[PDB]
Each structure stands twice: as structure tokens, then as C-alpha cells.
>>> print(open('coords-v9.txt').read())   # compact mmCIF, C-alpha atoms
# COMPACT_ATOMS: atom_id res chain seq x y z
CA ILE A 5 -2.00 -21.59 32.52
CA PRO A 6 -3.74 -19.87 35.57
CA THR A 7 -1.45 -17.22 36.88
CA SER A 8 -2.98 -18.35 40.13
CA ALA A 9 -1.31 -21.77 39.60
CA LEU A 10 1.88 -20.19 38.44
CA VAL A 11 2.31 -18.23 41.78
CA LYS A 12 1.98 -21.55 43.65
CA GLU A 13 4.69 -22.95 41.42
CA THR A 14 7.06 -19.86 41.48
CA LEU A 15 6.99 -20.28 45.26
CA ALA A 16 8.37 -23.93 44.86
CA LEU A 17 11.20 -22.77 42.53
CA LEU A 18 12.41 -20.01 44.82
CA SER A 19 12.74 -22.72 47.37
CA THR A 20 14.79 -25.22 45.28
CA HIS A 21 17.38 -22.47 44.16
CA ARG A 22 18.19 -20.55 47.40
CA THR A 23 21.84 -21.86 47.83
CA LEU A 24 22.68 -20.79 44.38
CA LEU A 25 20.95 -17.42 44.97
CA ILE A 26 22.36 -16.78 48.46
CA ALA A 27 25.91 -17.73 47.51
CA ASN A 28 26.57 -14.07 46.66
CA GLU A 29 27.53 -12.64 50.05
CA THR A 30 28.32 -9.14 48.75
CA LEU A 31 25.07 -8.03 47.11
CA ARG A 32 23.02 -5.69 49.26
CA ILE A 33 19.52 -5.44 47.92
CA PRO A 34 16.60 -2.99 48.78
CA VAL A 35 14.25 -4.54 51.36
CA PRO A 36 11.10 -2.72 52.63
CA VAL A 37 10.77 -2.01 56.32
CA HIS A 38 6.91 -2.62 56.16
CA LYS A 39 4.35 -5.12 55.18
CA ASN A 40 2.04 -3.19 52.84
CA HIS A 41 3.60 -5.07 50.06
CA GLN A 42 1.62 -3.71 47.09
CA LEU A 43 3.28 -0.25 47.44
CA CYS A 44 6.80 -1.57 46.95
CA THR A 45 6.28 -3.69 43.72
CA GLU A 46 8.92 -1.95 41.88
CA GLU A 47 11.78 -1.66 44.40
CA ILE A 48 10.93 -5.42 44.60
CA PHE A 49 11.23 -5.82 40.80
CA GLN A 50 14.62 -3.90 40.47
CA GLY A 51 15.77 -6.26 43.21
CA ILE A 52 14.92 -9.36 41.13
CA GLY A 53 16.99 -7.51 38.37
CA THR A 54 20.27 -7.12 40.32
CA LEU A 55 19.81 -10.77 41.32
CA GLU A 56 19.31 -11.85 37.79
CA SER A 57 22.41 -10.00 36.55
CA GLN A 58 24.70 -11.46 39.24
CA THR A 59 23.38 -14.99 38.85
CA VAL A 60 24.92 -17.79 36.74
CA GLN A 61 22.22 -18.24 33.97
CA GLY A 62 21.95 -21.93 34.85
CA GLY A 63 19.14 -23.47 32.79
CA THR A 64 16.66 -24.30 35.58
CA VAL A 65 17.18 -20.98 37.45
CA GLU A 66 15.78 -19.46 34.29
CA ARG A 67 12.27 -20.91 34.63
CA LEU A 68 12.34 -19.08 38.08
CA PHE A 69 13.30 -15.76 36.43
CA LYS A 70 10.93 -16.50 33.58
CA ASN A 71 7.97 -16.97 36.00
CA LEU A 72 8.88 -13.69 37.77
CA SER A 73 8.85 -11.85 34.33
CA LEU A 74 5.37 -13.15 33.56
CA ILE A 75 4.22 -11.89 37.05
CA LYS A 76 6.03 -8.50 36.35
CA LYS A 77 4.28 -7.77 33.14
CA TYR A 78 0.88 -8.53 34.70
CA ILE A 79 1.47 -6.03 37.62
CA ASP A 80 2.56 -3.52 35.01
CA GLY A 81 -0.52 -4.27 33.00
CA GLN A 82 -2.64 -3.51 36.06
CA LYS A 83 -0.88 -0.31 36.88
CA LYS A 84 -1.87 0.66 33.36
CA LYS A 85 -5.52 -0.19 33.93
CA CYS A 86 -5.41 2.35 36.83
CA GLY A 87 -5.83 5.57 34.86
CA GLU A 88 -7.91 4.20 31.97
CA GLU A 89 -11.68 4.49 32.43
CA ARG A 90 -12.76 8.06 33.14
CA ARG A 91 -15.97 8.03 35.11
CA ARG A 92 -18.29 10.37 36.98
CA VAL A 93 -17.62 11.69 40.53
CA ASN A 94 -20.02 9.20 42.29
CA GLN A 95 -18.03 6.27 40.79
CA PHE A 96 -14.73 7.87 41.79
CA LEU A 97 -16.10 8.41 45.36
CA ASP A 98 -17.34 4.83 45.93
CA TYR A 99 -13.87 3.73 44.72
CA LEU A 100 -12.07 6.14 47.09
CA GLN A 101 -14.30 4.97 49.97
CA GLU A 102 -13.37 1.44 49.12
CA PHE A 103 -9.70 2.44 49.24
CA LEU A 104 -10.06 4.09 52.68
CA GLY A 105 -12.11 1.08 53.94
CA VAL A 106 -9.05 -1.19 53.08
CA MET A 107 -6.65 1.10 54.92
CA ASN A 108 -8.86 0.87 57.99
CA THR A 109 -9.66 -2.92 57.70
CA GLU A 110 -6.50 -4.40 56.23
CA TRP A 111 -3.39 -2.21 56.97
CA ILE A 112 -0.69 -1.92 59.64
CA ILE B 5 -4.91 13.19 66.32
CA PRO B 6 -3.50 9.82 64.77
CA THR B 7 -3.50 8.51 61.15
CA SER B 8 -5.90 5.65 62.01
CA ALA B 9 -8.27 8.10 63.66
CA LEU B 10 -7.99 10.37 60.62
CA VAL B 11 -8.92 7.41 58.35
CA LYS B 12 -12.02 6.87 60.38
CA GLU B 13 -12.87 10.60 60.16
CA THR B 14 -12.40 11.05 56.42
CA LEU B 15 -14.72 8.10 55.61
CA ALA B 16 -17.50 9.76 57.83
CA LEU B 17 -16.72 13.05 56.16
CA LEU B 18 -16.90 11.62 52.55
CA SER B 19 -20.30 10.11 53.38
CA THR B 20 -21.52 13.39 54.83
CA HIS B 21 -20.40 15.38 51.82
CA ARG B 22 -21.40 13.28 48.83
CA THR B 23 -24.03 15.57 47.44
CA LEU B 24 -21.66 18.50 47.39
CA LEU B 25 -19.08 16.61 45.46
CA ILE B 26 -21.35 14.90 42.83
CA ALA B 27 -22.81 18.38 42.05
CA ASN B 28 -19.80 18.60 39.65
CA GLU B 29 -22.00 16.55 37.16
CA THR B 30 -19.59 17.34 34.23
CA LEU B 31 -16.35 16.13 35.90
CA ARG B 32 -14.77 12.98 34.64
CA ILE B 33 -12.09 11.35 36.84
CA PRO B 34 -9.94 8.33 35.93
CA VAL B 35 -11.22 5.31 37.95
CA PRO B 36 -9.20 1.94 38.02
CA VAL B 37 -11.02 -0.97 36.32
CA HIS B 38 -9.83 -3.50 39.04
CA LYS B 39 -9.80 -3.90 42.88
CA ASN B 40 -5.97 -3.97 43.51
CA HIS B 41 -6.52 -0.54 45.03
CA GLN B 42 -2.96 -0.01 46.27
CA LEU B 43 -1.20 -0.15 42.87
CA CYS B 44 -3.26 2.94 41.86
CA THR B 45 -2.55 5.19 44.94
CA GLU B 46 -0.99 8.01 43.00
CA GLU B 47 -3.71 8.07 40.26
CA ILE B 48 -6.17 8.33 43.22
CA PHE B 49 -4.28 11.24 44.74
CA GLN B 50 -4.37 12.96 41.32
CA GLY B 51 -8.19 12.42 41.30
CA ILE B 52 -8.58 14.13 44.78
CA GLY B 53 -6.57 17.35 43.85
CA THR B 54 -8.87 17.68 40.72
CA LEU B 55 -11.95 17.40 42.97
CA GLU B 56 -10.26 19.82 45.35
CA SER B 57 -10.12 22.48 42.67
CA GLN B 58 -13.70 22.02 41.47
CA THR B 59 -15.27 22.52 44.94
CA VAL B 60 -16.19 25.54 47.11
CA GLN B 61 -13.67 25.80 49.85
CA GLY B 62 -14.11 27.65 53.22
CA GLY B 63 -16.81 25.30 54.68
CA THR B 64 -16.96 21.92 56.42
CA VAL B 65 -15.56 20.07 53.22
CA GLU B 66 -12.10 21.53 53.95
CA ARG B 67 -11.53 19.03 56.80
CA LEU B 68 -12.00 16.22 54.17
CA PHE B 69 -9.41 17.79 51.87
CA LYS B 70 -6.96 18.66 54.63
CA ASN B 71 -7.23 15.08 56.06
CA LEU B 72 -6.69 13.54 52.62
CA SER B 73 -3.55 15.70 52.30
CA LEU B 74 -2.32 14.18 55.56
CA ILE B 75 -3.09 10.62 54.53
CA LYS B 76 -1.13 11.16 51.33
CA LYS B 77 1.95 12.45 53.26
CA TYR B 78 1.57 9.18 55.28
CA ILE B 79 1.59 6.92 52.14
CA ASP B 80 4.54 8.97 50.75
CA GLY B 81 6.30 8.04 53.96
CA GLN B 82 5.61 4.30 53.66
CA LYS B 83 6.76 4.45 50.10
CA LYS B 84 10.30 5.78 50.67
CA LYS B 85 10.47 3.24 53.50
CA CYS B 86 10.43 0.67 50.60
CA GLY B 87 14.13 1.08 49.79
CA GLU B 88 16.16 2.58 52.57
CA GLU B 89 17.73 -0.48 54.08
CA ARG B 90 20.03 -2.30 51.77
CA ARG B 91 20.47 -5.82 53.28
CA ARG B 92 21.64 -9.31 52.26
CA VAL B 93 20.26 -11.60 49.60
CA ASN B 94 18.58 -14.25 51.82
CA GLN B 95 16.82 -11.38 53.64
CA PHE B 96 15.69 -9.97 50.25
CA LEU B 97 14.35 -13.50 49.42
CA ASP B 98 12.35 -13.72 52.62
CA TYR B 99 10.44 -10.56 51.61
CA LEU B 100 9.80 -12.11 48.15
CA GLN B 101 8.15 -15.36 49.44
CA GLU B 102 5.84 -13.17 51.60
CA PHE B 103 5.09 -11.05 48.54
CA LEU B 104 4.22 -14.11 46.44
CA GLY B 105 2.29 -15.61 49.38
CA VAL B 106 0.13 -12.44 49.69
CA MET B 107 -0.50 -12.57 45.92
CA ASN B 108 -1.94 -15.99 45.99
CA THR B 109 -3.04 -16.57 49.60
CA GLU B 110 -4.21 -13.01 50.57
CA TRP B 111 -4.77 -10.78 47.51
CA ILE B 112 -6.43 -7.51 47.56
>>> encode(input="coords-v9.txt", output="C-alpha cells")
Amino acid sequence: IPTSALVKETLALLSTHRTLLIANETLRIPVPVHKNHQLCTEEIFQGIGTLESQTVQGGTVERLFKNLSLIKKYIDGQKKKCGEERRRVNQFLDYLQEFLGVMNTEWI
Amino acid sequence: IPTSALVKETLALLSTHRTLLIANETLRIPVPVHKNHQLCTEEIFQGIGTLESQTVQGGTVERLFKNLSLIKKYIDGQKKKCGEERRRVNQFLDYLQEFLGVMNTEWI
């Protein structure tokens, strides 16, 4: 369905399985000191991995881990679409402007 | 002077210098086909060093390239800040609901 809809759902599932997930008091997982989230997508996804390995594979927990794999592959698909069209320097420059605009408008 | 001031400078600078940089009419740089700008930061920094080696140095365009080197050392700082604190599982989960929140309710 809409990945859009699936985020909204994956949020609900995280929520109904926290006791199970938090029960492991020894795991120490990688958490980012900052809020520019899109730069840490893959210390985030090796974190869902160490979770997943230490977790009892209990039937409904799996549609949580299943939804997080369908969001992984899509980020990975977009990281791929990063270096794929080769365009002229004015198109690269408008894009780079647009990236600096975001740093100045959105970050920190 | 500070990283946020530098981001304001570099944008002024890129707009000043467009004509010098599009004079490379033959150069073809990889441009992302989507707007999730921050997944592609290191394909963007590869695009700038190519442009850096196709342009006359020594004039006013060297502030743009020296700035852009600084902004990249800033992002490389934020990035190793993504995995230097190892902390407990419920704290890892709190970063994950924000991450999924941003994806739906605030995505760039």
C-alpha cells in the first residue's frame, strides 16, 4: 500500500511491542547525539539489526521488523538514485543551492 | 567566522559565480533524481571537487571552494556524532519514533 500509510502504521507497532523490546537491559545500541536524522540512516539500520538478532522472533513482532525492512530497502533505493543521472553544471548548481538553502532554513 | 554565517556566504558566492562555473559546458556531474538532499551528501561533495579541478583558481571563486571545504568538514563531524554514544534500548527506540515521525510528518 502507500509507504506513507505504512509509516503511520509502523509507528503504532513500535508502540505495542516496547516491553518485549526493552526487556533486554544489557544491549547498548548506537544513538545519534543530533537531530539531522537523514545523515544517520545506517547507524540507525544496524541498530534495528542488533535488536532483531537479540529479540524472540515472536510472530507479531515480525510484522514490525518486516515493515522496517520495507522502509530500509526504499532508503537504499534512494541512495542509489543519488549518483544516477549525470547532468550539466547549471543543473548541478541549482541542486547544490537547494542543498545549502535547506541547511540554512531547516538545520540545527 | 561561524558555520551558519559561512552557509549564508557560500550561497551569495555561488550566485555571484554562476557564469564562471557553467563555462565548463562539457562537464557532466551526477545529480540526484529526488529531493531527499541529505542522503546524497557525499555524492554532492564528489561533484564539488570535480568542479574544483575544472575551474581557474587564484581569484574570487577560491572563497567558494574553501568555504565548501569547511562545510564538508562540518558534515563529517555531524556524521561521526551518529554513533559515539552507545546507550540503552528504550533510548535507542525514542530516536526511532522521531525518525519515523520526521519521515511521515516532516520529510525533506
>>> interface_residues(input="coords-v9.txt", of="chain A", to="chain B", cutoff="8 Å", atoms="only C-alpha atoms", output="ChimeraX atom specification")
/A:8,11-12,15,18,22,25-26,28-38,41-44,47-48,51,82-83,85-97,99-101,103-105,107-108
>>> closest_residue(input="coords-v9.txt", among="B:54, B:21, B:110, B:81", to="residue 66 in chain B", atoms="all atoms listed in the file")
B:21
>>> atom_distance(input="coords-v9.txt", atom1="CA of residue 6 in chain B", atom2="CA of residue 62 in chain B")
23.7 Å
>>> atom_distance(input="coords-v9.txt", atom1="CA of residue 57 in chain B", atom2="CA of residue 71 in chain B")
15.6 Å
>>> atom_distance(input="coords-v9.txt", atom1="CA of residue 78 in chain A", atom2="CA of residue 60 in chain A")
25.8 Å
>>> decode(input="coords-v9.txt", residues="range 68-79 of chain B", atoms="N, CA and C atoms", output="mmCIF file, in the first residue's frame")
data_model
loop_
_atom_site.group_PDB
_atom_site.id
_atom_site.type_symbol
_atom_site.label_atom_id
_atom_site.label_comp_id
_atom_site.auth_asym_id
_atom_site.auth_seq_id
_atom_site.Cartn_x
_atom_site.Cartn_y
_atom_site.Cartn_z
ATOM 1 N N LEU B 68 34.616 30.417 -2.422
ATOM 2 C CA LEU B 68 33.524 29.457 -2.567
ATOM 3 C C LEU B 68 34.019 28.065 -2.347
ATOM 4 N N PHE B 69 35.166 27.703 -2.916
ATOM 5 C CA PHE B 69 35.737 26.372 -2.733
ATOM 6 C C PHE B 69 36.393 26.140 -1.392
ATOM 7 N N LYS B 70 36.840 27.185 -0.713
ATOM 8 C CA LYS B 70 37.482 26.998 0.573
ATOM 9 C C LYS B 70 36.396 26.886 1.654
ATOM 10 N N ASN B 71 35.289 27.623 1.479
ATOM 11 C CA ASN B 71 34.075 27.576 2.308
ATOM 12 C C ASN B 71 33.473 26.169 2.325
ATOM 13 N N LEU B 72 33.219 25.671 1.105
ATOM 14 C CA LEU B 72 32.632 24.383 0.790
ATOM 15 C C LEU B 72 33.540 23.318 1.397
ATOM 16 N N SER B 73 34.838 23.491 1.509
ATOM 17 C CA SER B 73 35.677 22.519 2.168
ATOM 18 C C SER B 73 35.345 22.566 3.662
ATOM 19 N N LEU B 74 35.056 23.743 4.199
ATOM 20 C CA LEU B 74 34.779 23.861 5.613
ATOM 21 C C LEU B 74 33.429 23.238 5.931
ATOM 22 N N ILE B 75 32.425 23.493 5.113
ATOM 23 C CA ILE B 75 31.118 22.942 5.349
ATOM 24 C C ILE B 75 31.096 21.411 5.313
ATOM 25 N N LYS B 76 31.980 20.830 4.531
ATOM 26 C CA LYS B 76 32.115 19.404 4.412
ATOM 27 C C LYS B 76 32.788 18.934 5.687
ATOM 28 N N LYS B 77 33.818 19.522 6.258
ATOM 29 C CA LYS B 77 34.415 19.077 7.490
ATOM 30 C C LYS B 77 33.349 19.216 8.600
ATOM 31 N N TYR B 78 32.365 20.132 8.476
ATOM 32 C CA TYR B 78 31.298 20.220 9.459
ATOM 33 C C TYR B 78 30.386 18.966 9.367
ATOM 34 N N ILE B 79 29.772 18.676 8.200
ATOM 35 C CA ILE B 79 29.020 17.465 7.981
ATOM 36 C C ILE B 79 29.838 16.263 8.409
#
